[PDB]
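A.B. asks: Structure incoming, see below.
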Amino acid sequence: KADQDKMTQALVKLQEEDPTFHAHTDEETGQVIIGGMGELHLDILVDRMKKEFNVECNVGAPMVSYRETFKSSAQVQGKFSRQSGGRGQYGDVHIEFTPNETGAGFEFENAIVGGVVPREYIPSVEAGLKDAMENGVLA
Amino acid sequence: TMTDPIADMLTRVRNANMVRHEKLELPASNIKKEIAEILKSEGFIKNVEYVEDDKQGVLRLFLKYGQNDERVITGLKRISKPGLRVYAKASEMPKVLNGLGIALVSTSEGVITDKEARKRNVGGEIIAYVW
Amino acid sequence: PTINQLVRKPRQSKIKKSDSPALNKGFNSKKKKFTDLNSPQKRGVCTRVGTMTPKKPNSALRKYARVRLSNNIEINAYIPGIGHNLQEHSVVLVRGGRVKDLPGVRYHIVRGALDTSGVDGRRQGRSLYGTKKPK
RNA sequence: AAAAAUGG
RNA sequence: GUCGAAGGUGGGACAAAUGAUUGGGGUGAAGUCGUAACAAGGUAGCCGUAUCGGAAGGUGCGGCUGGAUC
RNA sequence: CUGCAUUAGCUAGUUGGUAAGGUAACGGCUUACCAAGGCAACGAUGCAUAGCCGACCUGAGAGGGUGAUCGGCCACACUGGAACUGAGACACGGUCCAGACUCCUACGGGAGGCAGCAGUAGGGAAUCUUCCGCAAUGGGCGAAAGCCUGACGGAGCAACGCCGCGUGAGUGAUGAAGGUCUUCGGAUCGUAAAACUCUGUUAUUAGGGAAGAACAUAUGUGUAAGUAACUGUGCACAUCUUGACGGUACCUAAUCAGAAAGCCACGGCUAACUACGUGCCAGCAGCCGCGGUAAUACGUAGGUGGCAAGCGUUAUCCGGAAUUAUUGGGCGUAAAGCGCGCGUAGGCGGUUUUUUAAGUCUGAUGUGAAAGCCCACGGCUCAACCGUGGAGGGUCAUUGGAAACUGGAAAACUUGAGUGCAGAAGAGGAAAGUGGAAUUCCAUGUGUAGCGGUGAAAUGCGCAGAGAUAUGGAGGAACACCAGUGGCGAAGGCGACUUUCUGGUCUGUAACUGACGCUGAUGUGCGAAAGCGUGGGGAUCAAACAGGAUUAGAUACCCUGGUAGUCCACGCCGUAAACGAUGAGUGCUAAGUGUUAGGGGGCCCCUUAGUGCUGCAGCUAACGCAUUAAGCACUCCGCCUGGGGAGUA
RNA sequence: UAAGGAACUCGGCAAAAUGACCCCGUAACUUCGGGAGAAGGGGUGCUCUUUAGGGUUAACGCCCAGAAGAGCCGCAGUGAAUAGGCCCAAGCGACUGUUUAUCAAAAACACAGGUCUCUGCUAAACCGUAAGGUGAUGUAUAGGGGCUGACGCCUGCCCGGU
Ligand SMILES: [Mg+2]
Ligand SMILES: [Mg+2]
Ligand SMILES: [Mg+2]
Ligand SMILES: [Mg+2]
Ligand SMILES: [Mg+2]
Ligand SMILES: [Mg+2]
Ligand SMILES: [Mg+2]
Ligand SMILES: [Mg+2]
Ligand SMILES: [Mg+2]
Ligand SMILES: [Mg+2]
Ligand SMILES: [Mg+2]
Ligand SMILES: [Mg+2]
Ligand SMILES: [Mg+2]
Ligand SMILES: [Mg+2]
Ligand SMILES: [Mg+2]
Ligand SMILES: [Mg+2]
Ligand SMILES: [Mg+2]
Ligand SMILES: [Mg+2]
Ligand SMILES: [Mg+2]
Ligand SMILES: [Mg+2]
């Protein structure tokens, strides 16, 4: 890892010397991916980086960014009640989760009647759902 | 112990002037007498008397107050001190209150005022300011 | 103090610290050591890019980058303007000036220099954001 | 002269 | 032959980097436990010292008023 | 002429001498012998950093910061050592050796060193073209013509800086159209625009075209020295010839307002406000902060402000900052008086006379390069710029004068400081001895159903006879009443009485010494309580601990016990809100009133030294202080420089 | 004993290596004694010249013992023999000592120090049926027994059971 800056500089110089060789960082996986015209091209470039630029590198199949989804629907309830002393912390919700049509994205519906959940906190509920969904529930 | 008789005399004058006393008895010395005589000549004090008693002698100053009881002496400041002595050249003689005050100086030509020092073109140890 | 005390131990002034320490240090690779050179800007490579929440009472998602400078010092630099094209391994120019809200962010990324792109749609004070005159 | 906590 | 650069060997000195692990420090949120201080803060508080206790702290000895209703 | 003591010891050719050698030269420069010297708290040694200066930036100044360009000096030439040649080198483009590194080789051997001018790679936020010429100045050789000179003189590139001039000037209400806002009246961009008139800085084209050029040499004429004379030599006057820049600057004539305006800001500081969009998001921000639906703070628009070929941002220095205070601050409560003595060095020091002239003051002379800052003048059309002449800059050096003050010398004085003599009080200290009250325990007599404790209880003790009560015994610790902003001590502290040893303080004389003084870094001692070590002692009280209560819990407060300790001797520890949160010494500045120890004069007056209260002037942010200052002054010391991190590593 | 040098082996077992004297020099740590012969280096024969001394004597003489210089020889000069290998760490026991005569020398025992406990003297404890003895011709700063085991810092809670 001490040669990562050298690696970046070498990659830049190699891209400048060869239009067809590309290097880019993948945000979801964080890995640096090198694209080329073929196995021979990438092998030659790797050897060149190892010796000409003295940056020994290892290459592998790029990681694939997976996603999760709900196959079955269900009504559920989340209750967080820490009332041990003084001013505490209380929250309660009853939410129906349903599998959306693939590619339609996340859809939040507000079927609150009678102000059981004050209208101030509903955006907070939606934000909590989004934040908790960003982190996977299965993997 | 006592370390600056000139400063003690000036402080006696300052305290008496504050309290609006009329006279002032202090132990005498030649430098003190010359300072007192310069003050009289310039008009900051009314009178000076010397008592040649036993021991050191005594200087008896009589202070001067203007109309409305206004004090003629506004302030006295020791300039040269035992802890740090100040001397000035003839061309560097300071003007007290833009000339409205006097700087008592000690020179090879006797202790005089800054006006006389400038006139005679001499310098020396700036004993004090009086305005 | 007395004049004698001042002669014995003279007065000593308070020493002043720089607000942008990372710009005051160079690196000599041959001798592998640091050097004291004052720079108005330094080049760096974005080790990380992302958003930070400002300290209270402010609230926002302020865009910043963790940058390793040419002198091997790693700093946090704020990205000014609306929208940026920076990612990890981007080469950027960094100038002094901290962002009061962000605790550990003490530098700014110059817009319109090296990889960083000018602000799109900016029309007033463009020079501060590296945007060409639209005309 | 019994005990009576806490409150982004 | 004298002196003599560089080099070799040896035990020390100093400085910097790094090191499993570890100590306290700061910062961050609306976390957990209690409530020690500010009112006589519900045992006046604080200072040095000793010891004890999850924690704030408690207790002992001496000191201070920067405390003291009637 | 620089930082560090969280660097205090360094030095053995080291310090001196004798002799010799050596060098231009003196000298431990080197070598033999004799001695143990030499440096250092006035900072040696060590470590870190650094070319020095003229100057440059900043500041009202004092000061603070810097050491590009240009000039002076020093040092170095891939790293280290050495000499030869030479007047001069231990020599950038010279030699030898070693080392690292390039290139050639036939492998035996050779060549080389851009921190010269361009340029390359690299590093960097960033810094120029592999130019013309020796025509000017200067240098090397030569008698000279002359040759060499990347010094230098000039072009190219860069708003990098300063300075100068542009991007038009005049009339123009008819307030055109259009943008923005609007109370829908209009307001504003606006004399701005358009149209008319003019000008050519500048630009384009065509002509003329400097100075920088002195010359040297050559050629005639003379004139001075010397020669018998001559050539020659020097000088004077004369004549032809020499320009890279460059046909550049500049001047003249013609054509056109036509090619030539952008940047930041408009909440306060701080000159400049409205609309729309967004809605604690997006974003802004130097600091205070601005943004959650009607934002002069975000983004855009119009308008406005400040500048203008620049305008902003960032970095660095000085200023503002009196925020290290010499000028020019402070330490009762804001940060800051060491807990307190005894004292060394240093600092400072009472009155008079004579003398000296180191400090001080006043002249003369030399010097402080040039350039630069400043003043004046002159030259580029002005300015920047250039030149000339002044002015200034020293803590500088020699030399002549003055003598008040500081310093040196000599001599006198008694007020400060001590000594003598007469008194006074004291829980001042150390060591023995003797008492009385009470607590605890123990032994007896009487006597019985509790005692003890709490808010209430319980634990506990008692019925195996407690507690209560009477007599005696053992032992330890502290000394009721007197007792009081009373006393003593440097502080910590010191309270029964007696004896022994011993310190300090106050009052009154003025015999005596005659400034012997004050402060005090470093040192050296004392220093509450707790605590530690050895040995002793052990009543009471009581950390820890154990029960009993209280409580949601109660590792507490309350109750019952209880070990260390509390006590003693000798050592150690060295800290406290060790406080008046107020260093010591000295003098001066209204008063009223109590008290302790004295003294003098008639219950009263005066006075010395303490100890309290009230209270002017003055001081203070205020509170307050106020002859026991926190006032007015002088000397010395200690200490402070936003909070936290941290009295930590 | 070529080259190698722990690759051997459970293990450097054995062997090799060091070894004398003089000189220089010598670390962490420490209870301040030490560690230390730490370590790591230099010298060592013979001849001649010059030259400071010490002991014994009237002196001569005899004996001891240095310093400087210049030379000579060999592969090598404490030329043979005899004469420490050293260093960095960890566990255990403080240390010197004692032990399974004849398979165990140790971390076991002892130890100075600590603590508990008994014992008032015809002591307690111990030998003996007793007499008589040890203890001790001592007397609580003494004597016997138990446990611990230098020194430093310390040694908590439980008395229901025995
Ligand atoms: Mg609250
Ligand atoms: Mg409380
Ligand atoms: Mg309390
Ligand atoms: Mg407790
Ligand atoms: Mg340097
Ligand atoms: Mg040369
Ligand atoms: Mg304070
Ligand atoms: Mg004090
Ligand atoms: Mg062999
Ligand atoms: Mg062999
Ligand atoms: Mg093996
Ligand atoms: Mg094997
Ligand atoms: Mg063996
Ligand atoms: Mg043993
Ligand atoms: Mg043994
Ligand atoms: Mg045996
Ligand atoms: Mg055996
Ligand atoms: Mg055996
Ligand atoms: Mg044992
Ligand atoms: Mg043991």
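Each chain in the structure tokens gets a letter, A, B and so on, in the order shown; residues start at 1 in every chain, and ligands are counted from 1 in the order they appear.
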When you look at residue 5 of chain D with a cut-off of 9 Å (counting only C-alpha atoms (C1' of nucleotides)), what residues show up, excluding the ones that are within fewer than 2 positions of it in the same chain? I need them as a PyMOL selection string.

C.D. replies: (chain A and resi 85-86) or (chain E and resi 35)

A.B. asks: Once you have the residues from the selection above, write them out as a PDB file, in the first residue's frame, restricted to N, CA, C and O atoms (P, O5', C5', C4', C3', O3' and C1' of nucleotides).

C.D. replies:
```pdb
ATOM      1  N   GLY A  85     -35.500   7.013  32.680  1.00  0.00           N
ATOM      2  CA  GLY A  85     -35.591   8.143  33.588  1.00  0.00           C
ATOM      3  C   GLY A  85     -35.650   9.470  32.870  1.00  0.00           C
ATOM      4  O   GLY A  85     -35.275   9.584  31.700  1.00  0.00           O
ATOM      5  N   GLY A  86     -36.117  10.479  33.594  1.00  0.00           N
ATOM      6  CA  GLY A  86     -36.102  11.840  33.078  1.00  0.00           C
ATOM      7  C   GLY A  86     -36.858  11.972  31.775  1.00  0.00           C
ATOM      8  O   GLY A  86     -37.978  11.479  31.627  1.00  0.00           O
TER       9      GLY A  86
ATOM     10  P     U E  35     -29.277   9.024  42.544  1.00  0.00           P
ATOM     11  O5'   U E  35     -28.251  10.204  42.280  1.00  0.00           O
ATOM     12  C5'   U E  35     -27.034  10.297  43.009  1.00  0.00           C
ATOM     13  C4'   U E  35     -26.389  11.642  42.827  1.00  0.00           C
ATOM     14  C1'   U E  35     -26.856  12.984  40.955  1.00  0.00           C
ATOM     15  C3'   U E  35     -27.231  12.822  43.288  1.00  0.00           C
ATOM     16  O3'   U E  35     -26.389  13.854  43.786  1.00  0.00           O
TER      17        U E  35
END
```

A.B. asks: Assign secondary structure with DSSP using the backbone only, and return the residues of chain B in strand (DSSP E) as a ChimeraX atom specification.

C.D. replies: /B:23-27,45-51,58-63,76-78,87-88,102-106,112-113,124-130

A.B. asks: Deliver the residues from the most recent selection as a file, using C-alpha atoms, as a PDB file, in the first residue's frame.

C.D. replies:
```pdb
ATOM      1  CA  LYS B  23       5.115  74.634  54.273  1.00  0.00           C
ATOM      2  CA  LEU B  24       7.350  71.584  54.014  1.00  0.00           C
ATOM      3  CA  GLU B  25      10.310  70.540  56.169  1.00  0.00           C
ATOM      4  CA  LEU B  26      12.706  67.955  54.753  1.00  0.00           C
ATOM      5  CA  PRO B  27      16.292  66.897  55.450  1.00  0.00           C
ATOM      6  CA  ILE B  45       7.165  77.423  45.021  1.00  0.00           C
ATOM      7  CA  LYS B  46       6.738  80.601  47.024  1.00  0.00           C
ATOM      8  CA  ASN B  47       9.895  80.497  49.124  1.00  0.00           C
ATOM      9  CA  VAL B  48      12.833  78.448  50.385  1.00  0.00           C
ATOM     10  CA  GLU B  49      14.605  78.621  53.739  1.00  0.00           C
ATOM     11  CA  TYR B  50      17.682  76.757  54.949  1.00  0.00           C
ATOM     12  CA  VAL B  51      18.146  75.834  58.609  1.00  0.00           C
ATOM     13  CA  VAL B  58      16.763  71.265  57.040  1.00  0.00           C
ATOM     14  CA  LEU B  59      15.095  72.725  53.967  1.00  0.00           C
ATOM     15  CA  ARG B  60      11.798  74.524  54.576  1.00  0.00           C
ATOM     16  CA  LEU B  61       9.815  75.051  51.384  1.00  0.00           C
ATOM     17  CA  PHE B  62       6.787  77.330  51.177  1.00  0.00           C
ATOM     18  CA  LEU B  63       4.401  76.390  48.387  1.00  0.00           C
ATOM     19  CA  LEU B  76       6.748  66.361  39.515  1.00  0.00           C
ATOM     20  CA  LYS B  77       8.385  63.308  37.948  1.00  0.00           C
ATOM     21  CA  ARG B  78      11.737  61.770  38.796  1.00  0.00           C
ATOM     22  CA  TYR B  87      21.381  61.670  30.469  1.00  0.00           C
ATOM     23  CA  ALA B  88      20.709  63.893  27.480  1.00  0.00           C
ATOM     24  CA  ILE B 102      10.771  72.855  33.316  1.00  0.00           C
ATOM     25  CA  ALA B 103      13.173  69.934  33.291  1.00  0.00           C
ATOM     26  CA  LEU B 104      15.662  70.187  36.135  1.00  0.00           C
ATOM     27  CA  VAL B 105      19.046  69.021  34.852  1.00  0.00           C
ATOM     28  CA  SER B 106      22.437  68.440  36.458  1.00  0.00           C
ATOM     29  CA  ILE B 112      20.060  74.295  35.791  1.00  0.00           C
ATOM     30  CA  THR B 113      16.823  74.141  33.816  1.00  0.00           C
ATOM     31  CA  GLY B 124      23.772  66.166  31.670  1.00  0.00           C
ATOM     32  CA  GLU B 125      21.698  64.018  33.975  1.00  0.00           C
ATOM     33  CA  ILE B 126      18.016  64.921  33.736  1.00  0.00           C
ATOM     34  CA  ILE B 127      17.145  65.046  37.431  1.00  0.00           C
ATOM     35  CA  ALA B 128      13.429  65.682  37.138  1.00  0.00           C
ATOM     36  CA  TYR B 129      10.417  67.138  35.356  1.00  0.00           C
ATOM     37  CA  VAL B 130       8.200  69.772  36.980  1.00  0.00           C
TER      38      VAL B 130
END
```

A.B. asks: Please return as a PDB file with N, CA, C and O atoms (P, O5', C5', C4', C3', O3' and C1' of nucleotides), in the first residue's frame the residues found within 9 Å of ligand 10, counting only C-alpha atoms (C1' of nucleotides) and all ligand atoms.

C.D. replies:
```pdb
ATOM      1  P     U G   1      45.084 -29.842  11.945  1.00  0.00           P
ATOM      2  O5'   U G   1      44.420 -30.382  10.618  1.00  0.00           O
ATOM      3  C5'   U G   1      45.155 -30.446   9.416  1.00  0.00           C
ATOM      4  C4'   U G   1      44.398 -31.188   8.356  1.00  0.00           C
ATOM      5  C3'   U G   1      42.972 -30.738   8.120  1.00  0.00           C
ATOM      6  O3'   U G   1      42.947 -29.548   7.347  1.00  0.00           O
ATOM      7  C1'   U G   1      43.081 -33.108   8.196  1.00  0.00           C
ATOM      8  P     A G   2      41.627 -28.928   6.694  1.00  0.00           P
ATOM      9  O5'   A G   2      41.803 -29.296   5.167  1.00  0.00           O
ATOM     10  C5'   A G   2      42.924 -28.840   4.419  1.00  0.00           C
ATOM     11  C4'   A G   2      42.571 -28.777   2.966  1.00  0.00           C
ATOM     12  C3'   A G   2      41.354 -27.918   2.678  1.00  0.00           C
ATOM     13  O3'   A G   2      41.734 -26.588   2.390  1.00  0.00           O
ATOM     14  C1'   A G   2      41.038 -30.075   1.768  1.00  0.00           C
ATOM     15  P     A G   3      41.042 -25.372   3.144  1.00  0.00           P
ATOM     16  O5'   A G   3      39.563 -25.383   2.576  1.00  0.00           O
ATOM     17  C5'   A G   3      39.314 -25.230   1.191  1.00  0.00           C
ATOM     18  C4'   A G   3      37.866 -25.459   0.870  1.00  0.00           C
ATOM     19  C3'   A G   3      36.863 -24.952   1.892  1.00  0.00           C
ATOM     20  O3'   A G   3      36.615 -23.559   1.798  1.00  0.00           O
ATOM     21  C1'   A G   3      36.311 -27.159   1.299  1.00  0.00           C
TER      22        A G   3
END
```

A.B. asks: Measuring between only C-alpha atoms (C1' of nucleotides), which one of C:104, C:8, C:78, C:85 shows the shortest distance to chain E?

C.D. replies: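 Of all the options, C:104 lies closest to chain E.
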
A.B. asks: Report the distance between atom CA of residue 44 of chain A and atom CA of residue 63 of chain A in Å, rounded to one decimal place.

C.D. replies: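 According to the coordinates, atom CA of residue 44 of chain A and atom CA of residue 63 of chain A are separated by 22.4 Å.
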
A.B. asks: Return as number ranges by chain the residues of protein, DNA or RNA that approach ligand 8 to within 10 Å, with only C-alpha atoms (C1' of nucleotides) and all ligand atoms taken into account.

C.D. replies: F: 337-340, 491, 578-583

A.B. asks: Give me the residues near segment 9-13 of chain E as a list in words, where near means some atom within 10 Å (using only C-alpha atoms (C1' of nucleotides)) and where sequence neighbours in that chain fewer than 5 positions away do not count.

C.D. replies: residues 25, 26, 27, 39, 40 and 41 of chain G

A.B. asks: Using DSSP on the backbone, list every residue of chain C that comes out as helix (DSSP H, G or I), and give them as a list in words.

C.D. replies: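 Here is the list: residues 3, 4, 5, 6, 7, 8, 21, 22, 23, 24, 126, 127, 128 and 129 of chain C.
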
A.B. asks: Hey, can you spit out that residue selection with C-alpha atoms as a PDB file, in the first residue's frame?

C.D. replies:
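As a result, out-v5.pdb now contains:
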```
ATOM      1  CA  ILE C   3      15.210  47.257  35.002  1.00  0.00           C
ATOM      2  CA  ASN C   4      17.744  44.920  36.602  1.00  0.00           C
ATOM      3  CA  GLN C   5      15.244  42.061  36.348  1.00  0.00           C
ATOM      4  CA  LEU C   6      14.668  42.875  32.680  1.00  0.00           C
ATOM      5  CA  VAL C   7      18.412  42.952  32.011  1.00  0.00           C
ATOM      6  CA  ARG C   8      18.836  39.607  33.768  1.00  0.00           C
ATOM      7  CA  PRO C  21       0.714  23.913   8.578  1.00  0.00           C
ATOM      8  CA  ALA C  22       0.532  21.501   5.639  1.00  0.00           C
ATOM      9  CA  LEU C  23       1.413  24.270   3.170  1.00  0.00           C
ATOM     10  CA  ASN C  24       4.560  25.256   5.099  1.00  0.00           C
ATOM     11  CA  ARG C 126     -16.865  33.080 -11.234  1.00  0.00           C
ATOM     12  CA  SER C 127     -13.118  33.438 -10.682  1.00  0.00           C
ATOM     13  CA  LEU C 128     -13.624  32.116  -7.154  1.00  0.00           C
ATOM     14  CA  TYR C 129     -15.100  28.925  -8.654  1.00  0.00           C
TER      15      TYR C 129
END
```

A.B. asks: Please identify every residue of chain B that has at least one atom no more than 12 Å from any atom of chain C, counting only C-alpha atoms, and report them as a ChimeraX atom specification.

C.D. replies: /B:81-85

A.B. asks: Can you tell me, as JSON, numbers by chain, what residues are no more than 12 Å from residue 67 of chain C when counting only C-alpha atoms (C1' of nucleotides), ignoring any on the same chain fewer than 6 positions away?

C.D. replies: {"A": [5], "C": [22, 42, 43, 44, 45, 46, 47, 48, 49, 50, 73, 74, 75, 76, 77, 78, 79, 86, 87, 88, 89, 90, 91, 92, 93, 94, 95, 105, 106, 107, 108, 109]}

A.B. asks: May I have the residues from that selection written out with N, CA, C and O atoms, as a tab-separated table (two decimals), in the first residue's frame?

C.D. replies:
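What landed in part.tsv:
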```tsv
chain	number	residue	atom	x	y	z
A	5	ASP	N	0.29	5.78	-4.26
A	5	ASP	CA	0.42	7.04	-4.99
A	5	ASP	C	1.25	6.85	-6.26
A	5	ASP	O	0.89	7.37	-7.33
C	22	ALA	N	0.18	22.41	6.72
C	22	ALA	CA	0.53	21.50	5.64
C	22	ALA	C	1.12	22.22	4.44
C	22	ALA	O	1.81	21.59	3.64
C	42	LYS	N	-0.64	23.64	-2.82
C	42	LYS	CA	0.07	22.39	-3.02
C	42	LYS	C	-0.82	21.41	-3.78
C	42	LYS	O	-2.04	21.39	-3.61
C	43	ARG	N	-0.19	20.60	-4.63
C	43	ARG	CA	-0.90	19.55	-5.33
C	43	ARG	C	-1.14	18.36	-4.41
C	43	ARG	O	-0.37	18.11	-3.48
C	44	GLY	N	-2.21	17.64	-4.67
C	44	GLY	CA	-2.53	16.46	-3.88
C	44	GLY	C	-3.37	15.50	-4.68
C	44	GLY	O	-3.82	15.79	-5.79
C	45	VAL	N	-3.58	14.33	-4.09
C	45	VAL	CA	-4.39	13.27	-4.69
C	45	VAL	C	-5.48	12.89	-3.70
C	45	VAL	O	-5.19	12.61	-2.53
C	46	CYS	N	-6.72	12.88	-4.16
C	46	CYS	CA	-7.86	12.63	-3.29
C	46	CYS	C	-7.83	11.18	-2.84
C	46	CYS	O	-8.18	10.27	-3.60
C	47	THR	N	-7.41	10.94	-1.60
C	47	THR	CA	-7.47	9.60	-1.05
C	47	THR	C	-8.91	9.16	-0.83
C	47	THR	O	-9.24	7.99	-0.99
C	48	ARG	N	-9.77	10.10	-0.43
C	48	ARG	CA	-11.18	9.80	-0.21
C	48	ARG	C	-11.99	11.02	-0.63
C	48	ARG	O	-11.50	12.14	-0.59
C	49	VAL	N	-13.24	10.79	-1.02
C	49	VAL	CA	-14.16	11.88	-1.34
C	49	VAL	C	-15.52	11.53	-0.77
C	49	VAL	O	-15.96	10.38	-0.84
C	50	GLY	N	-16.19	12.53	-0.19
C	50	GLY	CA	-17.49	12.27	0.41
C	50	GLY	C	-18.15	13.49	1.00
C	50	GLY	O	-17.86	14.63	0.60
C	73	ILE	N	1.70	14.75	3.30
C	73	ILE	CA	0.82	15.04	4.42
C	73	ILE	C	-0.62	14.83	3.97
C	73	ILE	O	-1.01	15.26	2.88
C	74	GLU	N	-1.41	14.15	4.80
C	74	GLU	CA	-2.81	13.88	4.52
C	74	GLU	C	-3.66	14.90	5.26
C	74	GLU	O	-3.56	15.03	6.48
C	75	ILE	N	-4.51	15.62	4.52
C	75	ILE	CA	-5.35	16.67	5.07
C	75	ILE	C	-6.77	16.48	4.54
C	75	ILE	O	-7.02	15.69	3.63
C	76	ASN	N	-7.71	17.19	5.15
C	76	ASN	CA	-9.07	17.28	4.66
C	76	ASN	C	-9.27	18.64	4.00
C	76	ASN	O	-8.93	19.67	4.59
C	77	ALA	N	-9.82	18.64	2.79
C	77	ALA	CA	-10.03	19.86	2.03
C	77	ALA	C	-11.48	19.95	1.61
C	77	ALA	O	-12.05	18.99	1.08
C	78	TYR	N	-12.09	21.10	1.87
C	78	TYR	CA	-13.46	21.36	1.47
C	78	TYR	C	-13.54	21.57	-0.04
C	78	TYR	O	-12.61	22.09	-0.66
C	79	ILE	N	-14.66	21.17	-0.63
C	79	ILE	CA	-14.89	21.39	-2.05
C	79	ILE	C	-15.92	22.52	-2.17
C	79	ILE	O	-17.10	22.32	-1.86
C	86	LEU	N	-15.06	15.18	-8.57
C	86	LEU	CA	-13.90	14.59	-7.92
C	86	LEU	C	-14.23	13.21	-7.39
C	86	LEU	O	-15.33	12.96	-6.88
C	87	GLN	N	-13.26	12.30	-7.50
C	87	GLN	CA	-13.34	10.96	-6.96
C	87	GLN	C	-11.97	10.60	-6.42
C	87	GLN	O	-11.01	11.38	-6.54
C	88	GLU	N	-11.84	9.41	-5.84
C	88	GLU	CA	-10.54	8.97	-5.38
C	88	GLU	C	-9.55	8.93	-6.53
C	88	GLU	O	-9.90	8.57	-7.66
C	89	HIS	N	-8.32	9.32	-6.24
C	89	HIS	CA	-7.19	9.35	-7.16
C	89	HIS	C	-7.24	10.59	-8.05
C	89	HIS	O	-6.38	10.73	-8.93
C	90	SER	N	-8.20	11.49	-7.86
C	90	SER	CA	-8.20	12.75	-8.58
C	90	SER	C	-7.05	13.62	-8.09
C	90	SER	O	-6.76	13.67	-6.89
C	91	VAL	N	-6.41	14.32	-9.02
C	91	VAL	CA	-5.30	15.22	-8.69
C	91	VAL	C	-5.86	16.63	-8.60
C	91	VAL	O	-6.44	17.14	-9.57
C	92	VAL	N	-5.69	17.26	-7.44
C	92	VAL	CA	-6.32	18.54	-7.14
C	92	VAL	C	-5.27	19.50	-6.61
C	92	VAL	O	-4.20	19.10	-6.15
C	93	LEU	N	-5.59	20.79	-6.68
C	93	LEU	CA	-4.78	21.84	-6.08
C	93	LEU	C	-5.47	22.33	-4.82
C	93	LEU	O	-6.68	22.56	-4.83
C	94	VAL	N	-4.71	22.46	-3.73
C	94	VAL	CA	-5.25	22.79	-2.42
C	94	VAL	C	-4.63	24.10	-1.96
C	94	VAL	O	-3.41	24.28	-2.04
C	95	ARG	N	-5.47	25.01	-1.49
C	95	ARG	CA	-5.07	26.28	-0.91
C	95	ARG	C	-5.53	26.36	0.54
C	95	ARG	O	-6.34	25.55	1.00
C	105	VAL	N	-11.42	20.11	8.74
C	105	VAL	CA	-11.23	20.55	7.36
C	105	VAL	C	-10.63	21.95	7.40
C	105	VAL	O	-11.33	22.92	7.71
C	106	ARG	N	-9.35	22.05	7.07
C	106	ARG	CA	-8.61	23.30	7.21
C	106	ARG	C	-8.14	23.87	5.88
C	106	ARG	O	-7.38	24.85	5.88
C	107	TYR	N	-8.54	23.29	4.75
C	107	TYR	CA	-8.07	23.75	3.45
C	107	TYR	C	-9.23	23.73	2.45
C	107	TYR	O	-10.26	23.11	2.68
C	108	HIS	N	-9.03	24.43	1.34
C	108	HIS	CA	-9.99	24.47	0.25
C	108	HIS	C	-9.36	23.91	-1.01
C	108	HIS	O	-8.14	24.00	-1.21
C	109	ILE	N	-10.18	23.31	-1.87
C	109	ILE	CA	-9.73	22.84	-3.17
C	109	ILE	C	-9.99	23.93	-4.19
C	109	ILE	O	-11.13	24.40	-4.34
```

A.B. asks: For ligand 4, collect every residue having any atom at a distance of at most 12 Å from a ligand atom (counting only C-alpha atoms (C1' of nucleotides) and all ligand atoms); output as a list in words.

C.D. replies: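 Every residue with an atom at most 12 Å from ligand 4 is listed here: residues 51, 52, 53, 57, 58, 59 and 60 of chain E; 543, 544, 545, 554, 555, 556 and 557 of chain F.
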
A.B. asks: Mind giving me the straight-line distance from atom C1' of residue 571 of chain F to atom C1' of residue 114 of chain G in Å, one decimal?

C.D. replies: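 Going from atom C1' of residue 571 of chain F over to atom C1' of residue 114 of chain G, I get 22.8 Å.
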